[PDB]
Amino acid sequence: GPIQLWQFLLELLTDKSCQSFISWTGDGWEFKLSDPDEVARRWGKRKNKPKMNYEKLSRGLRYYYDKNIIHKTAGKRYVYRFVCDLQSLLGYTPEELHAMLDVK
DNA sequence: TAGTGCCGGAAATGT
DNA sequence: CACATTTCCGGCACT
């Protein structure tokens with residue numbers, strides 16, 4: 001079972017106990033790694049990569065640009081946005097998930 | 001400045 | 001394998 005990066009992020013983004021380092025911005029599917037190092041750290045443990053960091057992690061994200069899985073919110077640091085049909089994948093709309101997560 | 005975000009090419013890596 | 005990162009790096013831009 002090899003989880004992919006974009007799926008790891010979704011996993012973090014739907015667990016309240018993770019809002020400290022990663023969270024939805026309240027605008028659709030846009031999200032922010034408030035503490036990229038902690039995200040990278042956890043991404044590193046899951047994949048067994050002791051030397052993982054936000055630099056390498058984000059190169060992973062950049063490869064999603066053409067795959068249109070995740071796009072970059074230009075100008076906002078550590079801010080990206082899922083551009084794929086997450087409403088169909090998760091079954092929730094951004095509002096519903098935000099409400100359910102207590103996103104502010 | 002040099003430090004840091006961010007970008008995308010090139011090659012390595014590993015399940 | 002196929003390929004999704006992982007790793008490394010020259011570059012551009014901003015503070």
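As a basis for the values below, the full set of heavy atoms in this structure was taken, side chains included, without hydrogen atoms, waters or symmetry mates. Numbered from 1 within each chain, the chains take letters A, B, ... in sequence-line order.
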Check your understanding: Paired with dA2(C): which nucleotide, if any, by Watson-Crick or G-U wobble criteria at under 3.5 Å for both distances?
Key -> none
Study note, to complete from the structure: In short, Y80(A) meets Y65(A) closest at the heavy-atom pair CE2-OH, 3.5 Å
**Study point:** No-hydrogen, no-angle side-chain donor-acceptor test under 3.5 Å, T25(A) and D27(A)
**Key:** no
Exercise for review: Could you check whether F8(A) gets within reach of a base, just the sugar-phosphate, or nothing at all, counting any heavy atom under 4.0 Å?
Suggested key: nothing
Practice item. Figure out the CG/P separation between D66(A) and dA4(C), and round it to whole Å. Key: 13 Å
Point to revise | Length of the line joining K56(A):NZ and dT7(C):P, which is rounded to integer Å | key: 4 Å
Study note, to complete from the structure: In whole angstroms, the gap separating P of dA4(C) from CH2 of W6(A) amounts to 12 Å
Check your understanding: Is the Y54(A)-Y78(A) ring centre distance short of 6.0 angstrom?
Key -> yes
Practice item. Have a look at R77(A) and say if it touches a base, only the backbone sugar-phosphate, or nothing, with a 4.0 Å heavy-atom cut-off. Key: sugar-phosphate
Revision key, fill the gap. Whole-Å distance, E55(A) CD to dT6(C) P, equals 14 Å
Review point. Looking at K47(A), does any N or O in its side chain come under 4.0 Å of the phosphate oxygens OP1/OP2 on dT6(C)?
Key: yes
Revision key, fill the gap. When rounded to whole Å, the CE to P distance for the pair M52(A) and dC8(C) reads 11 Å
Practice item. List the steps, then state whether salt bridge (charged side-chain N to carboxylate O under 4.0 Å, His left out) holds for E38(A) with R42(A). Key: CA-CA 6 Å; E38(A) 184 53 20; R42(A) 298 195 172 197; 3.0 Å; yes
Check your understanding: What does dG9(B) pair with, Watson-Crick or G-U, if both distances are under 3.5 Å?
Key -> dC8(C)
Exercise for review: Flag this pair as yes if the NZ/CZ of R62(A) is under 6.0 angstrom from the six-membered ring centre of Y64(A) and inside a 45 degree cone about the axis; otherwise no.
Suggested key: no
Check your understanding: Within the structure, does a side-chain N or O atom of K49(A) lie under 4.0 Å from either OP1 or OP2 of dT6(C)?
Key -> no
Point to revise | Rounded interatomic separation in angstrom, taking CG from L57(A) and P from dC8(C) | key: 15 Å
Check your understanding: Run the salt bridge (charged side-chain N to carboxylate O under 4.0 Å, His left out) check on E30(A) and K72(A) step by step: do they pass?
Key -> CA-CA 9 Å; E30(A) 185 186 61; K72(A) 179 68 181 172; over 6 Å; no
**Study point:** Distance in angstrom units between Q7(A) CD and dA4(C) P, rounded
**Key:** 13 Å
Practice item. Give one of base, sugar-phosphate or nothing for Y63(A), where a contact means two heavy atoms less than 4.0 Å apart. Key: base
Study note, to complete from the structure: Counted 5' to 3', the first and last nucleotides of DNA chain B within 4.0 Å (strictly under) of a heavy-atom of chain A are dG5(B) to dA11(B)
Check your understanding: Taking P94(A) as the fixed residue, which of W24(A), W29(A), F82(A) is the one that meets the side chain to side chain contact (heavy atoms under 4.5 Å, CB included) rule?
Key -> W29(A)
Study note, to complete from the structure: Between OH of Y65(A) and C1' of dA4(C) the distance, given in whole Å, is 16 Å
